[PDB]
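Colleague: One structure coming up, written as structure tokens, with questions to follow.
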Amino acid sequence: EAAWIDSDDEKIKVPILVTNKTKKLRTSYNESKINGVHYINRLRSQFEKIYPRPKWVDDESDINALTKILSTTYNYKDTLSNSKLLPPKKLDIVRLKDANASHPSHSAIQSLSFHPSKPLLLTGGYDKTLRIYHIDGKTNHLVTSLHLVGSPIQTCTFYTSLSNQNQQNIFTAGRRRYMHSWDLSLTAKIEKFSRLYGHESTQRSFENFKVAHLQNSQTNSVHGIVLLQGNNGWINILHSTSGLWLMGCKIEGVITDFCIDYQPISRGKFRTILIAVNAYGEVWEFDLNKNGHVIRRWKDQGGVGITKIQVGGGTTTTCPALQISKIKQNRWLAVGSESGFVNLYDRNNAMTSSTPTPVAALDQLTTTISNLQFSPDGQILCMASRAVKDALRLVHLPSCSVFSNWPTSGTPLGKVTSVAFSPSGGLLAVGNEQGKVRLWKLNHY
Amino acid sequence: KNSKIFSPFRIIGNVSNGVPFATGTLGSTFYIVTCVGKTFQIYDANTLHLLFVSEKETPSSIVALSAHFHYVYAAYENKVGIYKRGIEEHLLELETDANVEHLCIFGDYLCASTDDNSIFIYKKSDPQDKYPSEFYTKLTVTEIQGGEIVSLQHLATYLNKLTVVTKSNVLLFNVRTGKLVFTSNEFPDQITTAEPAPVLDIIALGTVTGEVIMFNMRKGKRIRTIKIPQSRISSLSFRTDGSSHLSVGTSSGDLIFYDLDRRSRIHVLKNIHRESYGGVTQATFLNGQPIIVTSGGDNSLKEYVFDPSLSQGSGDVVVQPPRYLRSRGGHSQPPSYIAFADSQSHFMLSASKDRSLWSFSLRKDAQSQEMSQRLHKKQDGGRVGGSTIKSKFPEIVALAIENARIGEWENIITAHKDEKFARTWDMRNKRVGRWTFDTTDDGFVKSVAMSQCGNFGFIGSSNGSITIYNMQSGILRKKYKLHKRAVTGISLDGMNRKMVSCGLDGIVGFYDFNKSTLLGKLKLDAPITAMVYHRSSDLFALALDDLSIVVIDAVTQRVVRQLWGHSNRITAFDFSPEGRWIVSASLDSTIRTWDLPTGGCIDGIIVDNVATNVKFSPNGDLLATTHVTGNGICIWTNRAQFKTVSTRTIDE
Amino acid sequence: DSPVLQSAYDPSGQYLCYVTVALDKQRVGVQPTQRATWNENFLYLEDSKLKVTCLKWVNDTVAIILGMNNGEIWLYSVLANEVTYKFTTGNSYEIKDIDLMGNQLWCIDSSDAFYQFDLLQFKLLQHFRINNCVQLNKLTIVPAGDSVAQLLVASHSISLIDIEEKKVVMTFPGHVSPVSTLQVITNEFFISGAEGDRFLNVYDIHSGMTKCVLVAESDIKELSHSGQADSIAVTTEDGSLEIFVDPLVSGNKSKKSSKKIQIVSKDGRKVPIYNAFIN
Amino acid sequence: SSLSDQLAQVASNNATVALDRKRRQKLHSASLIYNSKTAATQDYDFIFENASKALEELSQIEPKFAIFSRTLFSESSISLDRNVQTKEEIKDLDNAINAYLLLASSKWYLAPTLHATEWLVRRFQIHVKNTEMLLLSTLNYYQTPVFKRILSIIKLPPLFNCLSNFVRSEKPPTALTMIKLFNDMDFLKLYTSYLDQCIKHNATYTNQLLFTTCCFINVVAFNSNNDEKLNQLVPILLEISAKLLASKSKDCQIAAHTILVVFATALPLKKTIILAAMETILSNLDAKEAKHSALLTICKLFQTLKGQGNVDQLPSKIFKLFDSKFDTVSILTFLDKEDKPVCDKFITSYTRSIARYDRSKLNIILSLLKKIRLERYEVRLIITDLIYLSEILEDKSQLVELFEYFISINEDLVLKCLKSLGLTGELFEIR
Amino acid sequence: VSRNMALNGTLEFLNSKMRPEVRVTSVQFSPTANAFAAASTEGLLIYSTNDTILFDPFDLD
Amino acid sequence: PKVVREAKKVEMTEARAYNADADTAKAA
Amino acid sequence: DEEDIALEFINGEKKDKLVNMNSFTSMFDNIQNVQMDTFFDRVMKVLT
RNA sequence: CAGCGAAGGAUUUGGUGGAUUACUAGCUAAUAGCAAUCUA
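Chains as they are written, first to last, in the deposited numbering: chain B8, 122 to 183, 205 to 328, 336 to 594; chain BE, 19 to 670; chain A5, 2 to 38, 46 to 67, 72 to 262, 269 to 297; chain AE, 2 to 432; chain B1, 617 to 633, 675 to 718; chain 3E, 410 to 437; chain AG, 849 to 896.
What follows is the structure in structure tokens.
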């Protein structure tokens, strides 16, 4: 019964009636001295009637798998890094120092791009200067700053070639008949593209350009193309080093926007597709690694005033591939409209239908879509409107559900006139009409 | 070094330091005796009032203290002191050189374990006297029997036995016969805590991996096991009011509550104390009561209470979570700045490196209260910036309180570490104010002052520019630009007529204040680090960089004394309220008193911690110093308020 | 504030190693201090929250030891671009300072523990901790040849430590704030300077007495001493450099700076000096 | 506190004692059948005799009321007064009343139970003494006049606070009021203890399980946007899911299946919690509708599982348990259904557990992954452990024909895994 | 002029757990020595400086 | 109306405790 | 190629239905005397 | 609208705790007992 006996309590002999506390554990009025084991049992029963015996001691001593795992765990969700893809409906986004806070901008920030490799952010606006900022968390400083006189800029892009990844050009352009190209060398050697090689009537302003990669497809030689959106339906594609007009692609209607998709073919060969949208909603896809010939023509379901198309989930022009084997096919395609409606198509199945239905039509912000950008992993789309204040949403996808905890009513987004995603850090830059790039870090990355 | 002006009085603002406190019970009330460094403090558990402070400081730190009915047993370096009402009744010298580090008291026996795994038993002489006093025997736990002794307890109804909890084993000694009755089987991980259950012959063991064992000390088995993964267990307590709950205390600062009857987990109080200061160090249920007192190493002592159940028929299954009840606290980090709030020497403002501004009472320690940092509304109606996750303000460099218009408007003006604006506070409401005064030159605030009309506050930036704001309405009134390097001292006359500024380019500027002229400018021979203006006699003292204290009057703008003798940088100084002495403290670990009438050093104290702040009371009652280590405020009383001291210079 | 988080010269001041953030990840680069004798490739810390807390040039394949904030000392060769070996303690505590004497690396932990590693054996030799030293953030080996006795550890308060007994043999009154530079000048003196104050003090490592106090006119960021104690150049918070010329002679108890150097551009913009080197 | 507060406390203690005629009339006019003017004039003998008639009717419907005729409805209980015996006799008759109420909770659609519990209302005052168990037992019937009647005569407990605008009202409480009632945490602990007594005494009936599951999944839906409320709520509803899975009723088992599937799709639970949940699901699986719900539940609970470790081989114990509850024909047939459930990650984990733990049934994994289509990472992990199977054991025709399937679709991927580990000519020389 | 809580108008804030009010009816300065008398309710309060304490020099060097 | 999470005013009660001074016996 | 494996792992993720506040409010109307397995597939239709 | 603007902002209210005088512990038949008990 017991695991020890000490053989001293049996031969001890206590008094009882000397103190008032032990005066109660007698069983007679003639008891004065009792044996030790008797005395131990008397005050054991007295302890049991001071503190009554609970049921957990004598009840039990030590299909129940769920009960056991709940009684051991204290947190009940995935911990830190065994997630690898974003949780919906609640972001995790801290605010860093405003990127152009070191050197203020004298205009609305019209375009904004990160570097493909270096920690550099290029801002530029209608005050005809363009600024590069070394960004980090604390102290986003200004690397360099170039003021092109008489040339307000509207689109500015870091281009970095695929062959040697050592060029680092900046192409910039506004409402002018020329487009500048700064060659980054850390004086500054910039060149000016001002010759459409016979095609000046169909290109009266170099505002809306995009830079992309193109393969020769008889050699494995890539070169950058700039793509200019012109008047009638025209996209004029021209070489990014020589400026020679390579080809042109005409859509039927009012050309409003376009984007560049890539798809790999074999080891070291890919194919460039230009995706251009009418104002009405009908979309042309041109294969342009051959002559600029149409391969697909489909129609956006709904959508009547179409302002902005974007692809994402692979290599876009804003998440660019540094190495030719890292070129990916884009999964998602968002067509954002004048009413604020953004149709979202999933190109893993919506390349075949020719009247494809969107996987969801987002309707959360109600005025004209002027930016929509995909995060480099292709899990967030960023809708943004330069028409009212604070009109920016980050929609999670594949779930196609807007994050409900950011932005709040106190986010200093401003009148969002540009937006950019970092290619590596998981990091938003949001430029507003006051001239401020605000900077946020998504803690999933 | 002993002094002849100031004698040590108390060290206020201290509640605990993470020695596990003891509870004691007089009648049906409870007291809580917590160690603060080298003294203990007895608190009334029904209201957390400071009943007693131990009378003398022990020669080393108290390391294990227990409390029976009227008596408190405090073990420090070698010996056990038996204290009643603070005043020490007995001192038990052990015969070893090993540091005593555990003790229990049961029967006529006091048992004290040293750190060489020996146990010293002491016996009463006749069972009617009050405390165990004579030496009885010595017990030893050798390496065969068990590891290092991790606890020392006596679970009830065990006739003159002792449960010794080693790091791996549980031994049971008979302390009259000196025998080892029973040694249990080993435990597969190192056990850290023990607590006897109110169930008969059951102890509860807490391990360094996360499990609570319920050892049955008569069967030799374990009854049950509770697993809390990746948590080191630092406290164990049992509820004894007809609700069988256990409360475990985890060194990441958590207090977890278990039902033992139905084997569920009631609630977890997370971040009840700081993990960095030790987590929850001692948590105990006051017995028969649904209130549990916790204490942590972050200088804090809290109480949590269980409200009665909200279901009128079930009850035992719907257990309302524990809510907070009273608590006492102080700074968790050593204080960085010190001021007296009023002329009565009643309250004193005190700012620490843990980014809190407390207001400590010199009269009654219950009146000590943390000044709140809950901001007001913006004046126009716009939004205020800042993070959503609210944190405390950067730690306070300087402050200036002038309670001429107190309760009327903002009253304290304070300057924080590496930020370019000075906040205001209201001492009457004990809260922040509506205004943050900017420097307007993109420089950090190096000094603050405010006038004794209470209307004007003065900001001195690190780019050398004094800005004068109105304390009522919060707007810029004037802006003087004399200095080019950092302005480290601003003060003003008692009649708002001449102001005096000193920068670390070593120029003291004298300005008229009503007219905005300068009256003069005096170039000293070192950069000036600190100014103190004695306002009735119009004499201000400067701590120069050449380790002298230049005493200069503002009326005729002359250097009138120059005090030499400090060996390192002068951290602080302050005038006597009659303006006769000036007490300074410097990084050679010294505090000196200078009689500026005769110009010499009256007294010197070599103090082991470097005194970072020195302030006199505005009456001649007290000196308050603040040192590098120690979360409190050291308080001295000048003996020259009762006798007269000789102004004859010391040396060495 | 400066983007360069950490930076240190090699001995003889020929290369500079510097850790800066690059779009939320730390990167460690090495530049030659004179081109007449760019270096565009960095070591990239691949985690967004792993960062370098200290760094030390070893002396002969040339390498850096980077004390991280996860209980690791990375050992990184600079001609190649990989961490060659990853020392680790048993814990996750960030490490506050490292040093080495010869091949014997020593390091301090945020749990105030001392670790010893051997660069020739890649092994954790010793792990201990000593009483009443509880907020340590600097250690410095007092040199006695190949014997690596007498560490010198700071916590706002410098303490001299004999490692055979693992105990404290002297106690220096430090500062009122954590010590930020703690460097041995001669075989009888060491300089120390704290965070956010402009006062160095040189202590006598044999008695405990402070010989002198050196007074910058701005809060000291880094210091360098010439190898024969004849000059000490500190660089301050306002981007200036201050040279104390022959500070260890008889301006008797506290000495000001002898020379002060600042850099302005052709415009009037004052650029800040960080981390100079003197010889 | 104040004197009127302390006197309100003594009124609430002495609520049931009739200390004069007016309090006796106001206290005895609270009936469940009659109105107040008839109920005040009735006797104890009258209401006892027709309640004993109704208990004989209720007992011939369900024969577990006969012992209540022995004790609670006997003729000594006409003169038994409630507030004259001590606390121990009070707890005896209050668990007698709890036994009657959770037995007759199912019978509340037929008038003998109304006329029978009329006598508990009027003799033993269970509308004001045993009132929490009365509300919890008849909570299902909230659109019905019998719950309207007990709300009109009840004295409402403090946990049931949101029904206080539906007492003495002509309109029933609504479903959103029921979800607001269930949304509390203390109410959730109370209701789970009530269900624990129901599951223990084997009285769980399907209308109760439907109502309970509906309110539970609406609580989870309401709290689906605050993770701290979901995390407060997890060890309550997963504990009641474990206690519903630990019983014999197919209806209560698939009630727990519903709660588990809604809760796992509401928040991402831990992997080990999901595995122990499927162990508790399989450890008492005996019915057929329970098997249908159990397969769908295990599929969705593995679908809602993210990160490194979603599609490991599920371990040997749980895989052979899942084998003993679901053999090959069941899994293959359920995948051959034209409704197309989403069984991606679970079927991947299943085939990887077959390849680590069976090594004989590989033709069936060829047939089932011919049936359903998987993703690139799924089939990459499948062919990597098939490569490891080829390198550990000799490669026969079933592994060969598996690699012929993985060549006939997506041969570039099996080339990519062989080039990540091995070689194509070396693997063709292997097999 | 008073901290007696037995007089009425002394405390600005009353403990949340007629009396003679406190008032000064006449003040006068001393015609000979640097003091003033105030006729309060407690008596003739006489406030005076003394030069034994308060080191207050006049242009010392 | 939601349920009323209000706190009661807590007063301590009179509890009995075993004191261990009776757990020590002397030999003749 | 671990970045390519991570991109195909986040690429093989399919669109699911999330629980709203009011994804299950319209079940009380037809929990009347239906069987519990019909309730289970009525819930599973909402979840899918 | 502009402006202010860090994973939200404003207003109102119930409860409790701490201060609102300057901190020497509970009970009793009190030079001591009790506090597990005053009683044989």
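Heads up, the beta-carbon is just placed ideally off N, CA and C, and yes, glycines get one too.
For the segment 206 to 239 of chain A5, enumerate the residues whose C-beta is nearer than 7 angstroms to any C-beta of chain BE, in chain order.
Modeller: The residues in question are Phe211, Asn213, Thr222, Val225, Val227 and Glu229.
Colleague: List, from N- to C-terminal side, the alpha helix (DSSP H) runs of 4 residues or more that fit wholly inside the segment 150 to 181 of chain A5.
Modeller: Fully enclosed alpha helix (DSSP H) runs of 4 or longer: not present.
Colleague: With distance defined between alpha-carbon atoms, name the residue in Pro190 (chain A5), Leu24 (chain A5), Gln116 (chain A5) and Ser272 (chain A5) nearest to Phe134 (chain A5).
Modeller: Sequence index remark: in the third sequence, residue 134 (chain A5) carries index 122 (1-based). Checked all of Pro190 (chain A5), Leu24 (chain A5), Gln116 (chain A5) and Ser272 (chain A5); the closest Cα to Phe134 (chain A5) is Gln116 (chain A5).
Colleague: Rank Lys320 (chain BE), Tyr140 (chain BE), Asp626 (chain BE) and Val118 (chain BE) by C-alpha distance to the C-alpha of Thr132 (chain BE) and give the top, closest one.
Modeller: By one-based count along the second sequence, residue 132 (chain BE) stands at place 114. When each option's Cα is compared against that of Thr132 (chain BE), the closest is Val118 (chain BE).
Colleague: Please work out which residues of its chain come closer than 6 angstroms, Cβ to Cβ, to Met892 (chain AG), disregarding the five sequence neighbours upstream and downstream, and give them in chain order.
Modeller: Counted from its first residue, the seventh sequence places residue 892 (chain AG) at position 44. Same-chain partners within the cutoff: there are none.
Colleague: Just the Cα atoms here: how many angstroms apart are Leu641 (chain BE) and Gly700 (chain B1)?
Modeller: Counting from 1 along the second sequence, the entry for residue 641 (chain BE) is found at position 623. Counting from 1 along the fifth sequence, the entry for residue 700 (chain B1) is found at position 43. Straight-line Cα distance between these residues: approximately 34 angstroms.
Colleague: Starting from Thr506 (chain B8), find everything on chain 3E with Cβ-Cβ shorter than 7 angstroms and list it in chain order.
Modeller: What you label residue 506 (chain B8) is simply residue 357 of the first sequence in a count that begins at 1. Going along chain 3E, no residue has its Cβ under 7 angstroms from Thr506 (chain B8), so there is no contact; the nearest lies around 44 angstroms.
Colleague: Give the residues of chain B8 in contact with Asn285 (chain AE), contact being defined as C-beta atoms less than 8 angstroms apart.
Modeller: For the purposes of this step, residue 285 (chain AE) is taken as the residue at position 284 of the fourth sequence. By Cβ distance, chain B8 contributes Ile205.
Colleague: Less than 9 angstroms between the C-beta atoms of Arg319 (chain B8) and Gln352 (chain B8), yes or no?
Modeller: Residue numbering aside, residue 319 (chain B8) sits at position 177 when the first sequence is read from its first letter. Residue numbering aside, residue 352 (chain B8) sits at position 203 when the first sequence is read from its first letter. Cβ atoms of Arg319 (chain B8) and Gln352 (chain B8): closer than 9 angstroms.
Colleague: Name the chain 3E residues that come within less than 9 angstroms of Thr41 (chain BE), Cβ to Cβ?
Modeller: Within the second sequence, residue 41 (chain BE) is the residue found at index 23, counting from 1. Going along chain 3E, no residue has its Cβ under 9 angstroms from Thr41 (chain BE), so there is no contact; the nearest lies around 11 angstroms.
Colleague: Just how far apart, CA to CA, sit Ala418 (chain BE) and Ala467 (chain BE)?
Modeller: Counting from 1 along the second sequence, the entry for residue 418 (chain BE) is found at position 400. Counting from 1 along the second sequence, the entry for residue 467 (chain BE) is found at position 449. The alpha-carbon atoms of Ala418 (chain BE) and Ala467 (chain BE) are separated by roughly 5 angstroms.
Colleague: So is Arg353 (chain AE) in contact with chain AG if we call contact Cβ pairs under 9 angstroms?
Modeller: In the fourth sequence, residue 353 (chain AE) corresponds to position 352, counting from 1. Taking Cβ atoms only, chain AG never reaches closer than 9 angstroms to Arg353 (chain AE), which makes this a no.
Colleague: Ignore the nearest five residues each way along the sequence and tell me which others in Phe201 (chain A5)'s own chain have a CB closer than 8 angstroms to its CB.
Modeller: Position 189 of the third sequence holds residue 201 (chain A5). Within the same chain, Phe201 (chain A5) has close Cβ partners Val214, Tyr215, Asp216, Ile217, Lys223, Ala241 and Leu260.
Colleague: Strictly below 8 angstroms CB to CB, what residues from chain AG border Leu227 (chain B8)?
Modeller: Along the first sequence, one-based indexing puts residue 227 (chain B8) at 85. By Cβ distance, chain AG contributes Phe857, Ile858 and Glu861.
Colleague: Between the segment 95 to 103 of chain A5 and the segment 57 to 66 of chain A5, can you find at least three pairs of beta-carbon atoms closer than 8 angstroms?
Modeller: Output reads no: the segment 95 to 103 of chain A5 does not touch the segment 57 to 66 of chain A5.
Colleague: For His442 (chain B8), report the span of its beta strand (DSSP E) as first-last.
Modeller: Within the first sequence, residue 442 (chain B8) is the residue found at index 293, counting from 1. Start and end: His442 to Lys448.
Colleague: If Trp120 (chain AE) sits next to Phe74 (chain AE), beta carbons under 8 angstroms apart, how far is it from one beta carbon to the other, in whole angstroms?
Modeller: Here residue 120 (chain AE) corresponds to residue number 119 of the fourth sequence, with the count starting at 1. Here residue 74 (chain AE) corresponds to residue number 73 of the fourth sequence, with the count starting at 1. Indeed they touch by this definition, with Cβ atoms about 7 angstroms apart.
Colleague: Of all the CB atoms in chain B8, is at least one closer than 9 angstroms to the CB of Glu851 (chain AG)?
Modeller: Residue numbering aside, residue 851 (chain AG) sits at position 3 when the seventh sequence is read from its first letter. For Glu851 (chain AG), the answer is yes, since a Cβ of chain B8 falls inside 9 angstroms of its Cβ.
Colleague: Does chain AE have any CB closer than 9 angstroms to the CB of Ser282 (chain BE)?
Modeller: Residue numbering aside, residue 282 (chain BE) sits at position 264 when the second sequence is read from its first letter. It does; some Cβ of chain AE falls within 9 angstroms.
Colleague: Under 8 angstroms Cβ-Cβ, which residues of chain 3E neighbour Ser2 (chain AE)?
Modeller: For the purposes of this step, residue 2 (chain AE) is taken as the residue at position 1 of the fourth sequence. Going along chain 3E in sequence order, the residues near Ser2 (chain AE) (Cβ under 8 angstroms) are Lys418.
Colleague: For a minimum of 3 consecutive residues, which ranges assigned as the beta strand (DSSP E) are wholly contained in the segment 236 to 269 of chain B8?
Modeller: Runs of the beta strand (DSSP E) inside the segment 236 to 269 of chain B8: 251 to 256 and 262 to 267.
Colleague: Taking 9 angstroms as the CB-CB limit, is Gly462 (chain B8) close to chain AG?
Modeller: Start at 1 with the first residue of the first sequence, and residue 462 (chain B8) comes out as number 313. Interface residue, yes.
Colleague: Check whether the Cβ of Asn311 (chain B8) sits closer than 8 angstroms to any heavy atom of the ligand PLP, and report yes or no.
Modeller: Ligands displayed in this structure: none; no statement on the ligand PLP is therefore possible.
Colleague: According to the neighbour-count rule (16 or more other Cβ atoms, all chains shown, within 10 Å of its Cβ), is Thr302 (chain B8) buried or exposed?
Modeller: Translated into positions along the first sequence, residue 302 (chain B8) becomes position 160. Burial call: buried.
Colleague: Which residue marks the beginning of the beta strand (DSSP E) containing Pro136 (chain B8), and which one marks its end?
Modeller: The sequence position of residue 136 (chain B8) within the first sequence is 15, counting from 1. Start and end: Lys134 to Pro136.
Colleague: Count the other CB atoms, across all protein chains shown, that sit within 10 Å of the CB of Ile277 (chain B8); report buried if there are 16 or more and exposed otherwise.
Modeller: In the first sequence, counting from the first residue as 1, residue 277 (chain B8) sits at position 135. Answer is buried; the Cβ neighbour count reaches 16.
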